[PDB]
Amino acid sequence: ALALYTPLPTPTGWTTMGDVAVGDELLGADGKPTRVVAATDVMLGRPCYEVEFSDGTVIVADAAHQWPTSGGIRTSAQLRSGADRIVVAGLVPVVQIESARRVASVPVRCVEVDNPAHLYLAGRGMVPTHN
C-alpha cells in the first residue's frame, strides 16, 4: 500500500492514491494504460517506510509493499539505500534507491491493476511498483 498523498500518473494527468477509483486508468510498466480493477479501503496504523529515489521521487509505502528490483522482488523494509535499482524485465534501471527508512505511520491504500506484470507507475518520477 502507498500513502494517500502519493501522486500517480495517468494517461491524461495525475491522481492521488487517495483519489483513485476502481475503473480509473493508471500506467503499467510499459507506459500504457492499465485499469484499476480493485482497491482497498484506507488502511490506518500500518508500519510505513519512506523510499527516496535517485531522480528525487519520494514515496511513502507500507513496510510490506513490494518493488521490482535488480535482485528480485523486495518489500519496502528490505530495500537497500545506494544498492537496489528499480528494474522491469522485458535490463535498463529506471532509478536507484537513494534511501529507504522507517517513518511514522500514515494512511495508506492498495490498488490492483490488470497489468499482467502486476506493475503500475507511482510518484512524480513514474517509478514502477507492485500492486
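We number the residues from 1 along the sequence you see.
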item	value
Chain break class for residue 90 to residue 91, judged by how many deposited residues have no coordinates	10 or more
94-102 versus 56-64 - greater average Cα B-factor per the deposited record	94-102
35-43 versus 77-85 - which carries the larger mean C-alpha B factor in the record	77-85
From 18, 123, 107, 116, residue of greatest CA B-factor	116
Identity of residue with top Cα B-factor, from 48, 26, 29, 51	29
